[PDB]
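Chains as they are written, first to last, in the authors' numbering: chain A, 386 to 441; chain B, 56 to 109; chain C, 341 to 389; chain D, 70 to 185; chain E, 5 to 205, 251 to 697, 705 to 746, 775 to 794, 802 to 958, 985 to 1028, 1034 to 1072; chain F, 487 to 535. These notes are about the structure you will find just below.
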Amino acid sequence: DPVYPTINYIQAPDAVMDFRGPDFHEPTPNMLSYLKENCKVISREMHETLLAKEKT
Amino acid sequence: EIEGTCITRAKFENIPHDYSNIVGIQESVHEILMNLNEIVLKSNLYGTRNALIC
Amino acid sequence: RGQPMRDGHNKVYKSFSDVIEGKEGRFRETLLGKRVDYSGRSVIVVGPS
Amino acid sequence: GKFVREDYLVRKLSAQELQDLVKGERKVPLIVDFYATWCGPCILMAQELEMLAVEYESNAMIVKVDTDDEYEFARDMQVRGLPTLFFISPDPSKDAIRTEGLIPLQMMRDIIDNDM
Amino acid sequence: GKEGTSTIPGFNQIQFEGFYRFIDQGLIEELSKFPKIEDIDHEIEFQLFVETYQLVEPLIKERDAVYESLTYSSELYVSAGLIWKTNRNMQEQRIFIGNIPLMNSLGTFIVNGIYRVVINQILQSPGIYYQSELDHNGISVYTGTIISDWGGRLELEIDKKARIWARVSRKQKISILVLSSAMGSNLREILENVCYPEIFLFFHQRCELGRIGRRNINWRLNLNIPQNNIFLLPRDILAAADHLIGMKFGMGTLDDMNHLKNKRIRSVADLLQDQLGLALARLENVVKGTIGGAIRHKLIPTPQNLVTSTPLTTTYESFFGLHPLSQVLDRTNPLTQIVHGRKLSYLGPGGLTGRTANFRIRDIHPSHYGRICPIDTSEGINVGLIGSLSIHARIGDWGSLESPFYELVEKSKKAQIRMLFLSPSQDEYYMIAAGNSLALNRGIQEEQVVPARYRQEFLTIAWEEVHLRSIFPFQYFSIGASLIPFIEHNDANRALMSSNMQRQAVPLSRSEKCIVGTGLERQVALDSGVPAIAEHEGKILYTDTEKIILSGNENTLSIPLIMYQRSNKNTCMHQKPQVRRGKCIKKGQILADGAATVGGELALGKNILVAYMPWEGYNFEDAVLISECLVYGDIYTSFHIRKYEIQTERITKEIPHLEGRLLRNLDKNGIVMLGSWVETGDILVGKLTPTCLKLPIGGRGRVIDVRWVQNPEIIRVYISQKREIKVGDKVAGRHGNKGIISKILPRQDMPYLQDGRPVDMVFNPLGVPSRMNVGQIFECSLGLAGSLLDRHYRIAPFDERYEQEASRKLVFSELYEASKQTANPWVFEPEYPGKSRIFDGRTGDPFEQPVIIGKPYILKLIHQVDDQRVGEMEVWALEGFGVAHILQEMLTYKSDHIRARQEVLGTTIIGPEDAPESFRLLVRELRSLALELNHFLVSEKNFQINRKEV
Amino acid sequence: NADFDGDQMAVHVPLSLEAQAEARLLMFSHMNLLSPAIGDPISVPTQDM
């Protein structure tokens, strides 16, 4: 038998490949949600409200 | 050298093409054709015959 | 030229000497070879028979 | 986050943060996980709680306690090994049920509804 | 922070991290460089309040932006100040500078509705570089060169005790004996404070070293100047000659320009920041032009009136559309979308193009290990000038490539994280070992020897002297080479081409996971964005062919699916849901998988029965013999969508003097019917200009979608082709075993196994010994075992580190398991493992020599989907045969020769003497140079000279 | 050197009767079997042949 167990290689030939496993990086955030979260980009609602303030 | 019988062509009514989607059906039209292509039929006679899934 | 002329985009002008000197010049490519008609290009396969 | 969903739903609590949670009124079954980052099996266990937390969005509160931070607290809680959970019933008169080892996810949900 | 320390880093992180840096830091940095606006002094003063800059989310979604052919971009708003000193009143307004393009998480921008990526460029780092130089006679002159962020070339060479040349250019040959004061420096006050002075006895173009240059100039010259200062100092120039003299005496060593420590990597962050600087440089000219017009007309304009969106939007559109690095995203398959964003371009603006392409840059350097894949040469514009990043490679702070290593801390604290990202500069000074710790003796393990790298040199050292370990399997390879199972059994050059072929694989109609893989297909599918990934957790409320409904945290999301969408390479992108109703989903898990992806794994091919035997010459060389089972079974059937678009002139339902052979499918406006079959030559859009759209040759099939845009109208029509496999298609494995299909045989005459199943494809066994790729031999046998045992293998490369013949031990053991559980003794033959006696499908008698069989993973390539001149050498060959009339025929009416070709049709329909147009054109060109080229024919009969008119 | 990992050939049809004559009588494979370099055969069986 191999010293390295084959069970490490074995994978069922029907697997949804869970992307939250220990071997996967963190889920990639949507680019226009990481910027919004870090307040780098203001939402359009903020834009129109601020633009409406100077309409006076 | 052994003849078999199976569906050769299917005719819908209200779809534009075999790659569209029918409202109320969980499968695409192309999925339906592959499903039809998979069914097994037996017949000792030759010739083209009609069938209905109405 | 000691100061070869260049366009607004700093492109060195292609003189009449250049149009007959290099491969793109009308001396080698145009004469030694042609875009011969009656030509067909397609993938080839083995005809062992 | 408001725009990016948090990747993990199982909230880590201190020994004290767990105490007032038990002392306070809970309307849903409480699942307490004891784990350590260095613990091998706890990697497989931690994924199931996240999956379980999705099943029980608000019908059951799942929290985890790191035994590195609260080693003395886990010892008082009669914790003998690392992959250990505690299902705390919302009813104070009921008895908390402790499970040890990589229990199947099917058992976990069975305990939530049958015994809580 | 510990992104690549433990797991494989996201393949698009470099694109992802760069853009966030540009948004976080690259904006204010350029905005702070925007100066004040004023002519001399008048009732005008314009400035931008950098601290008040804001970005607004785009109104249009990504799908809308591509559908409308717009640019998915954010709007930049900065408060601007204006004062009219005659009134001495301050006017304030929040102006709109322009639009900054936004990339998605996958690392791709869309500009004018096309997906564009910004590849990475590698440039020489700014600093001092001591390199020897030889001349026409040989001088061995040591030369010191200073490089700036502008690619400065301030060379400083020593002609022994004679002058020290400081030529800025080739014609600027100038000494430094009188350039002691030079810019603003002084006379011999500090020149004599170091070594001996007996030897002594522009403003902004290349004058600053930048942040990177200051570090490097201090690193080599050991200068105390703080890194905060950017501008060059005469002390640095003074110290340049100080270390230059030491090289003459033998102290120190010459710099290696190919070392990665001397290179800097600029990503999309660097390029987008530069284009922003150019936009502001063009923006300050616009306001200066505006104030001149405003003063000339004497009107009171708001701060918005002094600016326009043109300087910001136009430069980016010009950048994405013209800059060589900004390439159109390759969407042939999920692999191509990912590997495209991780390319290194040695050439480019300011790079080393094909002219300045000395083959040293085309060579593997020891600093490339773990940062640039040695295998992935990726011959594009030129060989070795377009590289790719290693899987675990990361961009350092100082534009450097960092590769993680495991630090062997010796009782030095808890060591916290033992994974260290090492820049190429510090890589050379560590004893890095890649061997294992599975060797024991009568002594201790610490004294066991192990091969290691030190000072760009391989050596065998004991384990106690080793500083670092390379533990990651996919450490030194790119994504393309990391998808090859048993790669260590293939020659490196074949693995180079294997990565190229996997970028040509076609997504099939129904994809299928590979039985034998490497375990990297999971990350490739995950990062490609082709599968649908839940950005929120919860249950699945409703799923169908068109959309998936997901509910979690009392919030519901309607995820749309992609069904029959054309890619940039005419390939169908179809997403199929993989979540049933009521199932709970964690954030980041898969919901639906796109084309060429099955169950969250990259699936570019199929598993088929294969025999490696010669078959009557139909598999001669790289020819492949296939069975009809692959054809009628739709195993390699792929969908291809072609977009036909015409820009406008009236679109008519029917054009006169035409029949129903073409106008049959035209509609009331003139477009085809959505869902009507069309052949070559049929009219698609009937237009009339004061111009039509016919289906070209090869194009055929069913019309799927039609778009009316409308301002000239734009009509786009999409046709789907059910392109099944056929003779002349390219099939290839993952081990560089390419193959053309020459024959298609019925299943009853293909060779068949001892269980009666005929093989699906027959390969030439002669390919393996010449090409030396034994990995396909291992994959073939293991694929057969996996299909019988109902298993899938994911094998990290270099499994022989555990034991000798580890792959052989793995494959033979699994073959025997398949031979035992399924009771098929032919699967594992003790006499010849991996091989079996197969029978001729025609005569039914066995082939005496056993044949290796199995189920390798075979891809279908794109050449038959994506797609004359006689050269100068063919003239030489024709002359060698002496076929003068044939040679003349090439350079005559069967060419650009109007007079002869006019009637050559008609002579061959019913049954020279002039110079060809090429010669006549040649005369005019020489005639334009005041040269008269005359062709005379002096007669041989009466010596009558006649001038052949040309 | 027609490898079968991918190759496309350009085919030209002689038109004049003189060209068709020398194509059949000078360039056919049955009359060019010896390489002029040294006088050795070129259509020697190779590979699985």
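Even for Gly, the Cβ is constructed at its ideal location relative to N, Cα and C.
Counting the other Cβ atoms within 10 Å of the Cβ of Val1060(E) gives fewer than 16, which makes it exposed.
With contact defined as three or more Cβ pairs closer than 8 Å, the region 671–680 of chain E and the region 823–837 of chain E are in contact. In the DSSP secondary-structure assignment, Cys621(E) is bridged to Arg615(E). Taking the Cα of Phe535(E) as reference, the smallest distance to any Cα among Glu514(E), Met550(E), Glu513(E), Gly568(E) is reached at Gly568(E). Interface residue (Cβ-Cβ distance to chain B less than 8 Å): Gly155(E) is not classified as such.
Just so you know, the alpha carbons of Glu257(E) and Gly188(E) end up roughly 15 Å apart.
Only exposed fits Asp526(F), as fewer than 16 other CB atoms lie within 10 angstroms of its CB.
For the pair of segments examined, the region 839–853 of chain E was found to touch the region 910–917 of chain E: the number of CB pairs separated by less than 8 Å reaches three.
Close partners of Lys421(A) in chain D (Cβ separation under 7 Å): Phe72. For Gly925(E), the closest of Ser898(E), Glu603(E), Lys462(E), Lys392(E) by C-alpha to C-alpha distance is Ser898(E). Taking C-beta separations shorter than 6 Å and ignoring five residues to either side along the sequence, the partners of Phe369(E) in its chain run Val115, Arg120, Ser375, following chain order. Annotation for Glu735(E): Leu779, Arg784 place their beta carbon closer than 8 Å to its own, counting only its chain and skipping 5 residues before and after.
The beta carbon of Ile392(A) does not come within 8 Å of any beta carbon belonging to chain E, so the residue lies off that interface. Judged by beta-carbon spacing, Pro580(E) lies within the 8 Å limit of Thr646(E), meaning their Cβ atoms are closer than that value. Annotation: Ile203(E) to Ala166(E) spans about 7 Å, alpha carbon to alpha carbon.
Note that the C-beta distance between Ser439(E) and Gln524(E) is below 8 Å. Given a length threshold of 3 residues, each whole run of the beta strand (DSSP E) inside the region 78–135 of chain D is given here in chain order: 99–104, 130–135. Assignment of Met495(F) by DSSP, reduced to helix, strand and coil, places it in the strand class.
From the listed residues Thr402(E), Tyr809(E), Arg571(E), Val54(E), the smallest Cα separation to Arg691(E) is found for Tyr809(E).
For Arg405(A), at least one C-beta of chain D is nearer than 8 Å to its own C-beta. Spatial neighbours of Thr168(D) in its own chain (CB-CB distance under 6 Å, excluding positions within 5 residues in sequence) are listed in chain order as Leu154. About 12 Å separates the Cβ atoms of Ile711(E) and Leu740(E), ruling out a contact at the 8 Å cut-off. Sequence-ordered contacts of the region 803–817 of chain E with chain B read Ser811 [C-beta pairs closer than 9 Å]. The beta carbon of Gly155(E) lies closer than 6 Å to those of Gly399 in the same chain, with the five residues before and after it left out.
Nearest neighbour of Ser676(E) by Cα position, chosen from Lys463(E), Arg443(E), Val659(E), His689(E), turns out to be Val659(E). Using a C-beta cut-off of 8 Å, the region 391–410 of chain E makes contact with the region 120–139 of chain E, since at least three inter-stretch Cβ pairs fall below that distance. Proximity of chain B to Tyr613(E) at the Cβ level (cut-off 7 Å) is accounted for by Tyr74, in chain order. The CB of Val352(C) never comes closer than 7 Å to any CB in chain E; the least such distance is about 14 Å.
In the DSSP assignment, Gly259(E) falls within the alpha helix (DSSP H) that extends over 259–270.
If you keep only unbroken alpha helix (DSSP H) runs of at least 4 residues inside the region 557–606 of chain E, you get 570–577. For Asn334(E), not one C-beta of chain A is nearer than 8 Å to its own C-beta. In chain order, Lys374, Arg375 make up the part of chain C whose C-beta sits under 8 Å from the C-beta of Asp1013(E). Within the DSSP secondary-structure output, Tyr693(E) pairs in a beta bridge with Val808(E). Of all residues in the region 102–116 of chain D, the ones placed with a Cβ closer than 7 Å to any Cβ belonging to chain A are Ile112, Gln116, in chain order.
Runs of the alpha helix (DSSP H) lying entirely within the region 458–516 of chain E and spanning at least 4 residues, in chain order: 473–476. Between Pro344(C) and chain E, the shortest Cβ-Cβ separation is not below 8 Å.
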